[PDB]
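The chain below stands alone and is given in structure tokens; this is the form deposited in one PDB entry.
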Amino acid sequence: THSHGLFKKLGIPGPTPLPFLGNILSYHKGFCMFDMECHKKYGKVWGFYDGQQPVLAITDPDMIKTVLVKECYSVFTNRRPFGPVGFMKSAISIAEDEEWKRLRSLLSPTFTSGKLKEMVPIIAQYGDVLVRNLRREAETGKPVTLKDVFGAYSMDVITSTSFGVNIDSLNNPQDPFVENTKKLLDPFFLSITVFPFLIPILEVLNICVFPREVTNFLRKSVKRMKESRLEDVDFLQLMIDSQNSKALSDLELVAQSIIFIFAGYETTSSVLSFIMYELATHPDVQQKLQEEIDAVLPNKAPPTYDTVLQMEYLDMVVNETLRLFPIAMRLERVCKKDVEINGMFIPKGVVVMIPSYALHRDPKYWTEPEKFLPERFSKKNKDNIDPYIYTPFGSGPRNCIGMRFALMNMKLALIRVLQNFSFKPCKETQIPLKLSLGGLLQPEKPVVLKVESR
């Protein structure tokens, strides 16, 4: 409670913190509502405390640019640590300073458009697997839970694009490879924020927020694949070729592989559910997209890398969905030095925070922000959108490295699925969708819809 004076001293407003707890009791409605509220109550900048940890929110796009881009390497290089990580210290998204700068370099060529175009044929084949599982549920007019069928697809793309493994997860939901990979503001991480001194305790104990079993399975599963291709197109290959030179270690390689799975599993699948919900409760947008897809790919023509970038309304739909549901919710950098940015003094050790969800729904930049209106991303209006207000993939050197992959992956899933099906609300569909009051951007109730064969 000896750090709870910091914002009062700097003249920064914020809600008054309780001893030890900081302002965390105010997460009872979740990060995003607390963010929105703070924005409205306090203005362009405010402070609060995760326990003893001062956090300064900022919403000025100049200041956001300074932090995210201009002063990334100098000052705002790392995210705030969260729990016991074990050997995953070496994962790119968790690593810090120069080890991050080295991993980011070693892994950037992996995510070029040129490597992505080579992955389209592989991400296409499981779009076909996706249709056949959906059609089995459309001919038996039973409502569908998107997260299971989309999760099966995202999961199918990940194992293929990162290791070559080819499974029909929805039908082999219990192959050993599919088991490990799916697993694990909850009672744990709040305790971490009130007792962050307990992290080094769990480290020496080898306790990990990564189930020690999943990680042991893939550490060895990778070293089998590694020594089965060596010697006799995916992320593992691209990393194995990179350490054929400063170059990527062996346990370092396992760790990035693991980050890529958590990265694109719950995210690629969660997003596709958000887009199918909006498509269902807005059937004209849904028709408008089916017309655009049939126009570029007549006769259910299979999508190609080039035809995907041809589809503008598709891009508009995806982009608007991420405005209502930016699954990061917040961006964050730890300030590593006393700094002054855009006229404001920022003391060393503050976490700086961009409240994405809240800025995506700000009426001061967005007309009717709670409404799903894709036209805001029309080539006409897309110019009047501040790229430091709309940030579903972050920005600057530490933006989402897998952005071009994620967009492509989702767009391929959509094109095939709208080439073949229409999606209609059920009586059991939650309208309007309520967001989880928990710690992830997800729906209260899972999205259930009706699927019909075109």
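Throughout, we count residues from 1 along the sequence that is shown. Only residues modelled in both forms are compared. Take the two forms, find the largest set of C-alpha atoms that superpose within 1.5 Å, and that set is the rigid core.
There is also a form deposited in another entry; it is not shown, and the following applies to it.
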Core-superposed comparison between this form and the one not shown: the option from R212, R132, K300, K336 whose CA moves 2 angstroms or more | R212
Core-aligned C-alpha movement of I327 between this form and the one not shown reaching 2 Å | no
Once everything's superposed on the core, is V165 shifted 2 Å or more at the Cα between this form and the one not shown?
-> no
Taking the rigid core as the superposition reference, indicate whether the CA of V120 shifts 2 angstroms or more between this form and the one not shown.
-> no
For a shift of 2 angstroms or more at every C-alpha, which runs of three or more consecutive residues qualify between this form and the one not shown, with the core superposed?
-> 83-85, 208-213
